[PDB]
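Peer 1: Quick one: structure below, then a few questions.
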Amino acid sequence: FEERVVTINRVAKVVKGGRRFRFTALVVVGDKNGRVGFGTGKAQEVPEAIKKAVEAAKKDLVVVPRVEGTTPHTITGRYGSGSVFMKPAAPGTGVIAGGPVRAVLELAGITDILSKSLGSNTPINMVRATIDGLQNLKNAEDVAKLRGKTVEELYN
RNA sequence: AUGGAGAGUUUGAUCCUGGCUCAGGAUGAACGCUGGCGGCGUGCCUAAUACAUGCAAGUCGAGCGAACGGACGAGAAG
């Protein structure tokens with residue numbers, strides 16, 4: 001699994017002595033073949049935080065439906081105030097996405113997509129919104145099975 | 001399906017709300033520095049301010065009278 005460090009944040013807890021600092025890492029994990037995960041890890045040192053995040057991301061991996069390097073249908077993934085619109089694109093379009101979304105889509109093995117972050121730009125909520133969208137993605141075969149029709153009948 | 005990227009900044013730290021700021025494209029542009037050439041364009045946006053000088057509306061003799069020019073070529077031998 002490829003691993004990309006989306007953000008590293010120095011967080012502080014106030015004690016009598018003063019502020020105690022730890023580092024938080026947000027990491028996306030993917031095989032670049034329809035499985036992607038995200039995890040957060042916190043530690044006094046950044047390498048240890050990254051490592052914990054990688055282990056967390058591997059624990060939660062989501063299967064993404066892909067139609068020839070794009071998504072099956074347009075979707076708006078929403079989590080909290082985070083909102084990400086993702087529209088399927090033709091080959092050679094490239095990944096048109098910003099910041100956290102790019103990492104998630106690339107590691108999921110999506111090479112062509114149109115995306116816009118419509119909500120919060122906070123990295124974690126953008127990632128969760130993106131994952132939500134991918135989770136609500138559906139494939140024609142499953143829709144056909146659920147609706148008791150052939151894929152051809154689905155499209156008429 | 002031919003088409004859609006975000007970032008910084010309120011806190012000890014946080015999530016949110018929210019404004020501010022930036023990365024792009026464009027111009028009858030101006031200014032600074034610099035400057036080889038060619039092709040094709042563009043060039044008073046302001047004082048519908050005032051304007052020296054030349055030029056930008058004439059033509060027709062197959063409408064007309066008249067005037068000039070007087071060829072060709074009429075006479076005398078100084």
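In the structure tokens, each chain is lettered A, B, ... as it comes, each chain's residues begin at 1, and ligands are numbered from 1 in order of appearance.
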Fewer than 5 positions away in the same chain doesn't count, so skip those; otherwise give me all residues within 12 Å of residue 6 in chain A, counting only C-alpha atoms (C1' of nucleotides), as an MDAnalysis selection string.

Peer 2: chainID A and resid 24:29 38:41 50 53:54 98:104 107 122:127

Peer 1: Counting only C-alpha atoms (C1' of nucleotides), collect the residues of chain A whose closest atom lies at most 7 Å from chain B, and write them out as a ChimeraX atom specification.

Peer 2: /A:11-14,19,89-90,96-99,114-116

Peer 1: I need the residues of chain A that end up classed as alpha helix (DSSP H) by DSSP on the backbone, written out as a VMD selection string.

Peer 2: chain A and resid 46 to 59 100 to 107 123 to 135 140 to 146 151 to 154

Peer 1: Write down as a VMD selection string the residues belonging to chain A that are assigned strand (DSSP E) by DSSP computed on the backbone.

Peer 2: chain A and resid 2 to 14 19 to 30 35 to 43 61 to 63 75 to 79 82 to 88 95 to 96 113 to 117

Peer 1: Quick one: of A:85, A:72, A:95, A:130, who's nearest to residue 143 in chain A, counting only C-alpha atoms?

Peer 2: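 Checking each of A:85, A:72, A:95, A:130 against residue 143 in chain A, counting only C-alpha atoms, the winner is A:72.
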
Peer 1: Can you list, as a PyMOL selection string, every protein, DNA or RNA residue that comes within 12 Å of range 65-69 of chain A when you count only C-alpha atoms (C1' of nucleotides), leaving out same-chain residues fewer than 3 positions away?

Peer 2: chain A and resi 32-36+62+72-74+88-95+105-113+133-142

Peer 1: Any idea what the distance is between CA of residue 117 in chain A and CA of residue 83 in chain A?

Peer 2: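 CA of residue 117 in chain A sits 5.9 Å away from CA of residue 83 in chain A.
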
Peer 1: Using CA of residue 81 in chain A and CA of residue 1 in chain A as the two end points, give the distance in Å to one decimal.

Peer 2: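 Interatomic distance, CA of residue 81 in chain A to CA of residue 1 in chain A: 29.3 Å.
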